[PDB]
Every structure is written in structure tokens, then in C-alpha cells.
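Working notes, structure below.
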Amino acid sequence: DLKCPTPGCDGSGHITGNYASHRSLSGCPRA
DNA sequence: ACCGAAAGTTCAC
DNA sequence: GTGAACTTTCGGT
């Protein structure tokens with residue numbers, strides 16, 4: 001999507017640290 | 001069984 | 001090569 005489906009998730013970050021910014025449920029920093 | 005979240009390659013610059 | 005990006009797999013309900 002154009003942004004993570006998670007309301008509280010901004011998308012600028014990651015859990016493991018494989019991305020700096022994303023727009024999916026691929027390791028949402030703030031889920 | 002279904003679903004939210006964690007997870008690394010990939011096309012584009 | 002680096003940079004922003006997603007569906008898959010796993011855990012949870």
C-alpha cells in the first residue's frame with residue numbers, strides 16, 4: 001500500500017533494521 | 001484456520 | 001551500489 005495498514009505505524013523504520021522506510025506490514029516499527 | 005507482525009531481496013536512481 | 005518497497009511465514013486468536 002502507500003502506507004502501512006497499521007494506524008499507529010508511520011512506516012519510517014524497521015524492527016530488524018533491514019529498511020529505513022516502508023509502506024507494508026513487513027516489520028512495522030510501531031505496530 | 002485466519003490474521004497481524006516480523007522479515008530480507010529488488011527495481012529504480 | 002544504495003534506497004525505498006512487499007508478500008511470506010510465524011505466532012496468536
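In the C-alpha cells, chains take letters A, B, ... by order of appearance, with residues numbered from 1 within each chain and ligands from 1 in the order shown.
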
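Within 7 Å of chain C, and using only C-alpha atoms (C1' of nucleotides), the residues found on chain A are residues 21, 22, 23 and 24 of chain A.
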
Limited to N, CA and C atoms, could you put the picked residues into a file as a compact mmCIF listing (two decimals), in the first residue's frame?
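Output below, filename out_21.txt:
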```
# COMPACT_ATOMS: atom_id res chain seq x y z
N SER A 21 12.60 2.92 5.61
CA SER A 21 11.21 3.32 5.44
C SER A 21 10.49 2.32 4.54
N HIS A 22 9.27 1.95 4.90
CA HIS A 22 8.49 1.01 4.12
C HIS A 22 7.01 1.41 4.14
N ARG A 23 6.19 0.71 3.36
CA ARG A 23 4.76 1.01 3.30
C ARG A 23 3.93 -0.28 3.36
N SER A 24 4.39 -1.24 4.14
CA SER A 24 3.68 -2.51 4.27
C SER A 24 3.83 -3.08 5.67
```

So that each row is one residue of chain A with an atom at most 8 Å from chain B, can you give its shortest atom pair and the distance in Å to one decimal, using only C-alpha atoms (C1' of nucleotides), rows by chain and rising number, as JSON lines?
```
{"residue": "A:15", "atom": "CA", "partner": "B:6", "partner_atom": "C1'", "distance": 7.4}
{"residue": "A:16", "atom": "CA", "partner": "B:7", "partner_atom": "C1'", "distance": 7.7}
{"residue": "A:18", "atom": "CA", "partner": "B:8", "partner_atom": "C1'", "distance": 7.0}
{"residue": "A:25", "atom": "CA", "partner": "B:5", "partner_atom": "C1'", "distance": 6.8}
{"residue": "A:26", "atom": "CA", "partner": "B:7", "partner_atom": "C1'", "distance": 6.4}
{"residue": "A:27", "atom": "CA", "partner": "B:6", "partner_atom": "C1'", "distance": 4.9}
{"residue": "A:28", "atom": "CA", "partner": "B:5", "partner_atom": "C1'", "distance": 7.2}
{"residue": "A:31", "atom": "CA", "partner": "B:5", "partner_atom": "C1'", "distance": 7.5}
```
